[PDB]
Amino acid sequence: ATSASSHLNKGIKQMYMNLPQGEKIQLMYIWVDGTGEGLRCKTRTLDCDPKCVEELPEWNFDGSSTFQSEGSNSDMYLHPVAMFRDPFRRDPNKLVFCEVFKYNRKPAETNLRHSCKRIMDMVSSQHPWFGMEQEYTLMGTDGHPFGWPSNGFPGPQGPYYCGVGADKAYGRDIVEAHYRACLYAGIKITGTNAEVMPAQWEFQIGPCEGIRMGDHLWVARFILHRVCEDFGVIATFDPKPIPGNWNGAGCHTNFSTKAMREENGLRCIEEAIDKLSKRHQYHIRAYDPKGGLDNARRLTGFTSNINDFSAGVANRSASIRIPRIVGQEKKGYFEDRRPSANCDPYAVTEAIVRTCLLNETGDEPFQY
Amino acid sequence: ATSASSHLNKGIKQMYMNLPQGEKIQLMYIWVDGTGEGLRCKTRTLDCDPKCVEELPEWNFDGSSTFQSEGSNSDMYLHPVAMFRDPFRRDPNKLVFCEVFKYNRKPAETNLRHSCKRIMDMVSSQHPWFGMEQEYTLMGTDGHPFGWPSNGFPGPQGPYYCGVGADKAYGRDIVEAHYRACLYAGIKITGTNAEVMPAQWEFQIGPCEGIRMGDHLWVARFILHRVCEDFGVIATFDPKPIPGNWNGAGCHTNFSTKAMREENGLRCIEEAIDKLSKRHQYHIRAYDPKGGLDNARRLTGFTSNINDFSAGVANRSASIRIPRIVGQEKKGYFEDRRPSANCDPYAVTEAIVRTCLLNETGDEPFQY
Amino acid sequence: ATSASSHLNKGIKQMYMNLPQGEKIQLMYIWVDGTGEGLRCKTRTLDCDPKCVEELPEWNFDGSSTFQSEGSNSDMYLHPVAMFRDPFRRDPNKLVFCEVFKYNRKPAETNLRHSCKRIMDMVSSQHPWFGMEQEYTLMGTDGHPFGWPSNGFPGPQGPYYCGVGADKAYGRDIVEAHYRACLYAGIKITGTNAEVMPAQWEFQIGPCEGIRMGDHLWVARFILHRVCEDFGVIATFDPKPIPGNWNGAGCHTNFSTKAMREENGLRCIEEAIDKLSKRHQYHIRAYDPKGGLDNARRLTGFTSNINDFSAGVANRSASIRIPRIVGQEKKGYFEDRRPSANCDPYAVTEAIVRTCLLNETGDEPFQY
Amino acid sequence: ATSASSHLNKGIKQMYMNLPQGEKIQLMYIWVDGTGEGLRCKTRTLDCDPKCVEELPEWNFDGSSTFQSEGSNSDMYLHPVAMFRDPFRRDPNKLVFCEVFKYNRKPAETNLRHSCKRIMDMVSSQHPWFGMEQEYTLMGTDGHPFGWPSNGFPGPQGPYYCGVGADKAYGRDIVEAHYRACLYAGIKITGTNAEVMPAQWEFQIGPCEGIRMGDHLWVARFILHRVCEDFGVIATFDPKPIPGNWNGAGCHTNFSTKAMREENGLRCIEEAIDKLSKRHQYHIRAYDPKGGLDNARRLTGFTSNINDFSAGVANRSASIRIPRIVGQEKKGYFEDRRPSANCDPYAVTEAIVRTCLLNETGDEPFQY
Amino acid sequence: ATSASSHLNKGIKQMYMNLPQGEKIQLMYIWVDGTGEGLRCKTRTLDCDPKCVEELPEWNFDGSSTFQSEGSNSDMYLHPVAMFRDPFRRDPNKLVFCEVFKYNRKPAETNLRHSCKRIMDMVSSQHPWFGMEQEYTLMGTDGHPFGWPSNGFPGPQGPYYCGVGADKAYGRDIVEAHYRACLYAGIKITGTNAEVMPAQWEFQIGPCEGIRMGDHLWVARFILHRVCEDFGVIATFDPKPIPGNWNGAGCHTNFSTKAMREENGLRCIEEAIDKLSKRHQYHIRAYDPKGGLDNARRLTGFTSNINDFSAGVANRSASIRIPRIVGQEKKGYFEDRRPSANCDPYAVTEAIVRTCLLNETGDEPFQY
Ligand SMILES: [Mn+2]
Ligand SMILES: [Mn+2]
Ligand SMILES: [Mn+2]
Ligand SMILES: [Mn+2]
Ligand SMILES: [Mn+2]
Ligand SMILES: [Mn+2]
Ligand SMILES: [Mn+2]
Ligand SMILES: [Mn+2]
Ligand SMILES: [Mn+2]
Ligand SMILES: [Mn+2]
């Protein structure tokens, strides 16, 4: 069951997009709404052919329509912070991820990018590298996963992981289109695979230094949403898209700095793991938009326990996993398997840096 | 009845694949899962534009999701061994067939390529050439062959063999696409034809010296699976896809060495045939993933008998067939008609070489 | 009602065929099965880029699957005799019409091309030119003509002959595609038209000297079959596809030699017509694969009578028709309207030459 | 695929038929058209409430519309000869099988009942008893058997004979309704079963003395036609409804007289069998409306050969079969397995009586 | 996916069955074909209104069409042995379960009722009571269980056992109709329930002394088949209708005699259980038509192991279960959980009596 807009003749759209647009450039403005998990987009025309993000002009939108402000002063300004080519409108047009701001220049409630960027500007001396493996479930318009039998379930799990075939991988066309669009847009995407759950996939955004990780992950999520809209399906980042004995959707996070990637860098990995063991409660609170409510359906064991912390080397069921190659070479990175699929990358990255590099302690972040 | 993902608009996918990806290269990693008949695929991005297979980096995957390992140490490393262009992502992207290894560098349970490669490295002085004619049945998502009437059977056998017409060949588009993809990828494919059973086809991988035969056959199987996934059907290698008076799916194997292709080389053919007559039980055990259980439904006579060995010149019903041209010219090769359609090419090729060139005897292989 | 394979997404097939195949060349081998009216095809890969037909290698196939041989020695060799470009695989790939031979080099039962070629090698001094107007009926997979109402008939005959419009010509796309494919392949096709019966068309293969007529007609029939398979319909050459007051499908034959096309050549036309009047029974026996059984449903008068011979100038209902322009100019050719639509062109052409140029008499052909 | 009239709401028809009609009585007049295998029906209202057939009035119809007469004098009179209750209009209304007569009181071309009744009036002293097992194929409106897969065939023969289950018996509702209607109408029906061919059934009309056999069989055929019309399918009496390896539809005939059912009556069975052996050609000519043309597709062996006569005890493949119980008890009847399913019962019964009781000889019947 | 005959308008069938048939009585003859698991039915008309089974006449049928005899003497006689009212044709018509016999009065290959009846005539002094709980799976015409999602599976097992609701019980209408038909026909049916597998039900035939158990169970199976045919689904008695983690279909058997139901009758239960422990191999061979081949897919543990025998009190996983109430009261019966769902009740009952009451020993039955 696909969307009604998907059944429109795409040949007409291809013919219309084949027109030479000319000097005019369409700038698609992207930002995060008040829910903290959704995205919003609207386009504008610019004729100067800009080169840098700082050249792009500020924009404003009605925040009362995005669950971001009341009716008194509902106007919210958009400050561009990321600059990417548009894969749905080819090279001349561009994708613009923006930072939401209130009417009085204050950061919005869901605008975690301001604090995240401040933290990484503080810690840039250590060069923190992040990589997050977003896992999403391809769902039809009917609320059930794509390709799943009507009013039923497919076979048991096990053949679907990284599977090839009509009965092993559902909606691979969406994944291929999203991969090509992310490569075209300049998103630092490293790879993709099919997860254990059928119609559930994964794409790994590559090492991005600091705020670039959150920027690239958010733009990749928007690109995936637009590709699924073109194909007529819905990509949901719910941690537990289907209750029962089905694999949950999570977003593991890899963390590494200059010392952790240097020779004999395992000691810093142990220090970071101990700090995360100390701040497990804060991290699990900050690893999803609902403060652990959504992640309680994925990290239920039977995925590490939500209420119990555990770490180890090459442990799939541990909250923090050290790659076996990292332990063998005594250097590399460590993977945080706690964050959910709908987690805000800015909050996750900020919490990881605060616990590791800033030695933060307590139950609340410290304002600097 | 095709897959639900097939009904997605392919024009959108074509438009997205028309984007210039640029310097980034997608490497699709392919390996054999724990079932020994299925295949798994997942992709990664590499920016160095590699030339040789040894340059490609090693990868790891969760073996517990592919019926290959337990939960203790479920990580399995991937060692690339074959290097091919990607027909589904054009020239810059590549297909990578990999060798599965355990966490402690030991070969996996289904990783027969290690022993096969060792054997052919031993016997490379004789230059063994192999060619296997894989026969597959095009099945819809409903478990019945493609193009077959709903809840029924088509006309009797005889018009469908190498037939041309709407009512004589089912799913020829898949066969043409697979042939073009195999030619593009560099797979040494020689030809194709429609088998006696409707919707059942065949493609013959050409003479490949040693381990290249298994590599090319496995990559061709993966390419066929991906093409059928694109078209929305399922290609099954079951030896007896439909019970009753319907032709079974098998994978005949041609074998030849330097002496067997030389002048007056028929004597070596007789020696090899006698050795296979001696080791019929071992060969029939090693000619399918289930140790003769699957092949018991195809080689039931009425196809040579599974429990009875027979060989001859230009004999269709014999286990080993000498081509009539080979007998006329007193040189050439001989065909082994016993292996099933789901047989692992590595095991078949290794058994043939062990019986012929290594003069192996007994009921178990000898470890060197 | 079209075939289930037709509903497959052809965009995927176009994308796969857009790949550059490279140096490898696919040779599609074509031959006539044991029924004498059907065709069989299977392809092979050749890397030498051949120029002439004699360079192409011989092939073999299982004759027991084509109603051509018993189980004792079921292998039948294929000897290429015609060389054509492949319209379904573009210029580098080629179509190969082959001559079927038994295991002991003897011509097959349905291999009339050997005797036909011998006869025309004998009579090449007179330069016999032949042209046959094959008429076929476009039928869906349901056994009823294409575009005909479900469980019914269209309007009465008369508007459909050479008609233009949605309600006047059924399946014109197949005819256009077949015409383009025949022109691309080098088939000497002269024209096409819609016959009186709806969904029944006709294409006229042009003057081809001797065995070339049979070769080109058979290759054109195969190309039509493949085009209909691509479009999902079935092209039947039955003489009476639909019983009742509907036009039958026939294949008229034009015959001319050097003297018949020369000045004052009408006398040779009268001599040939008298010889055919003498040998009407032999010709009507040899003008269809069933020895007049199939043609008894078309040549029933109400089309000349099957049991009565008649000839004249510009007579539609006569067995032999002299074109009015030929009579006016006292030179040209004459048309034989007796052969059926499923007639073997080799047998028809051989019988015509034997009666006209070889002055054959009796009820059986004379072996030379 | 059922008829369009079948999809009409039958609840409305039931409601309308629930009305009390009153004193008026509907008389459905039945007769055989010019084809000799079809039936025609039209009704009239009579208010006298008749008791005997001779009371019913004569009727007339346009014979030019039933392939029975030319346009000069196309009126044909109907003479009622059989009297039966109407199962489609309940007890007060009646079914009337009539005898067709020309304008000049001469019997029609297809009116074999006159000669048949004369013969049995001659031979009534011997009390000939006849029973014919009509076998019919339930076909949908699309020309393919009922319940058969679209554009295909069901499983092989063997499970369908007298089968019970959804996949073993097709259209059993029609058979049950026809059995109930025949029992209600007074037709001497003995039993029913499912034949080897799927959707092919059989009903055996019981021992009827003389002309009553033909009358009851024709009325039963009409009742079956009307029941199939109500259900929306077509009951065809073609001897070979589906070409190939499928069971044909035939109408075996049992014959017995007073001496043949008496003690030590086997000698008369041998005499009758010898007479039928003598007159096999006449019988096979007179056992179908087309003079053996239709039966040539059923009695092709592989059913006794059409051109070869054979008889025996408990022989299924013999033209004449003596039941094994009859041979054991030295009395009873013998079965004639030659007549086709579309045979006229009057002609079959008349030929059997002429050969057995009247000792007729030659190639043409003798007019008395 | 239901049968095409199910979509016929049942209002017409109801109207036709509403006719008063009168004095004529339809006798439906039922017997077991050569497969040993299927059933066959065909009807005849009798006008004497019989009271007892011995009054009914013998019948004959073509055994070559039921996989029961060769073509030499294919006639097989039917001897009625059970007498039941017909629920599909109301009170006047009757159901007749018959005993198949060869042409020479010898019992057929699948006619186990003769030996079973002889054994129970021998052992009638002890009054053996049997009750078998047949479990069947309601399957559509497509080969998948009724109500299951197309190309998929429903939720996991556990809510479906004896469930009530649209999503908990599939095809309850068939079960209710079958229960009513069995009660009407006089079948000693005790109860019904829905098994763990969805669309899989169970009906328990009550205590029937000796051969009556087999008779009633076979007639109940035929009634279930006819009811499913009316509703358009297929009732399969396969031991493992769906491979995987789904409950298998079995037919447990309760056994009790006069001593076992008397006071302090537990000792005889122990003796019988010990005898069955001794003869486990013979029983498991004789508990299905395929000699343990079918039951190997159901009794695989994970249902007691097929190769391991075990017995106990109130043990679900044991081959022989003593009911807990029986152990508490020291009297009653014991349940044999080994027989499969397609088991012949005659063979099961005969084996149980031979092991228990006749003290049979060895690997083959002893002919008396
Ligand atoms: Mn992963
Ligand atoms: Mn991972
Ligand atoms: Mn082959
Ligand atoms: Mn072969
Ligand atoms: Mn014309
Ligand atoms: Mn013409
Ligand atoms: Mn019969
Ligand atoms: Mn019979
Ligand atoms: Mn139970
Ligand atoms: Mn129970």
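Per Swiss-Prot, chain D residues shown: 2-303, 306-371, in order.
Determined via electron microscopy, 3.1 Å.
Each residue, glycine too, has its Cβ placed from N, Cα and C.
Annotated Mn(2+) 1 binding site per Swiss-Prot: D:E134, D:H253, D:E338, in sequence order. For D:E134, D:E203, D:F204, D:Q205, D:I206, D:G207, D:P208, D:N255, D:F256, D:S257, D:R319, D:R324, the entry in Swiss-Prot reads ATP binding site. The Mn(2+) 2 binding site annotation in Swiss-Prot covers D:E136, D:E196, D:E203. Taken from Swiss-Prot, the feature L-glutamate binding site covers D:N246, D:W247, D:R319, D:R340, and the record attributes it to similarity to another entry. Swiss-Prot lists D:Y336, D:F337, D:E338 with the feature ADP binding site, giving similarity to another entry as the kind of evidence. Marked as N6-acetyllysine by Swiss-Prot on the basis of similarity to another entry: D:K11, D:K14. Annotation comment: Swiss-Prot describes D:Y104 as phosphotyrosine, evidence class similarity to another entry. Taken from Swiss-Prot, the feature phosphoserine applies to D:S343.
DSSP gives D:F337 (ADP binding site) a strand state. Long-range Cβ proximity for D:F256 (ATP binding site), meaning a same-chain Cβ under 8 A and a gap of 6 or more residues, is found for D:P129, D:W130, D:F131, D:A273, D:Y336, D:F337, D:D339, D:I355, D:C359. Take the CB of D:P208 (ATP binding site) and look out to 10 A: across all protein chains shown you find 16 other CB atoms. Nearest by CA distance to D:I206 (ATP binding site), out of the binding-site residues D:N246, D:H253, D:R340, is D:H253. Of D:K11, D:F204, D:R319, all annotated as recorded positions, the residue with the shortest Cα distance to D:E338 (Mn(2+) 1 binding site) is D:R319. In this view, D:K11 (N6-acetyllysine) is surrounded by 18 other Cβ atoms within 10 Å of its Cβ, with every protein chain counted. Within the same chain, the residues at least 6 positions away from D:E136 (Mn(2+) 2 binding site) whose Cβ sits under 8 Å from its Cβ are D:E196, D:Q201, D:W202, D:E203, D:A250, D:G251, D:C252, D:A344, listed in sequence order.
Proximity to chain B, defined as a C-beta distance under 8 Å, is registered for the following binding-site residues out of D:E196, D:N246, D:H253, D:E338: D:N246. In sequence order, the binding-site residues near chain E (CB to CB under 8 A) are D:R319, out of D:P208, D:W247, D:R319. Nearest to D:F204 (ATP binding site) in space, judged by Cα atoms and limited to the recorded positions D:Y104, D:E134, D:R340, D:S343, is D:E134. Of the recorded residues, D:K14 (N6-acetyllysine) and D:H253 (Mn(2+) 1 binding site) place their C-alpha atoms 37 Å from one another.
Excluding D:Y336, D:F337, D:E338, which define the ADP site, the same chain contributes D:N255, D:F256, D:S257, D:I270, D:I323, D:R324, D:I325, D:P326, D:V329, D:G335, D:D339 within 8 Å (Cβ to the Cβ centroid), listed in sequence order. The closest partner of D:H253 (Mn(2+) 1 binding site) among the binding-site residues, by CA position, is D:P208; the full candidate set was D:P208, D:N246, D:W247. Counting only same-chain residues at least 6 apart in sequence, those with a Cβ under 8 Å from the Cβ of D:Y104 (phosphotyrosine) are D:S70, D:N74, D:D76, D:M77, D:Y78.
For D:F204 (ATP binding site), the number of other Cβ atoms no farther than 10 Å from its own Cβ, over all displayed protein chains, is 25. Neighbour counts were taken at the CB atom with a 10 A radius for the binding-site residues D:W247, D:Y336; the maximum falls on D:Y336.
The Cβ of D:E134 (Mn(2+) 1 binding site) has D:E203, D:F204, D:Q205, D:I206, D:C252, D:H253 as same-chain neighbours under 8 Å, each 6 or more residues away in sequence. Annotation for the binding-site residues D:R319, D:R340: lowest Cβ count within 10 Å of the residue's own Cβ, D:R319. Summary: among the recorded positions (D:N246, D:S343), the fewest other C-beta atoms within 10 A of the C-beta are counted at D:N246. Highest local Cβ density among the binding-site residues D:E196, D:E203, D:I206, D:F337, D:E338 belongs to D:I206, counted as other Cβ atoms within 10 Å over all protein chains shown. Here the candidates are the recorded positions D:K11, D:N246, D:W247, D:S343, and by Cα distance the one nearest D:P208 (ATP binding site) turns out to be D:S343.
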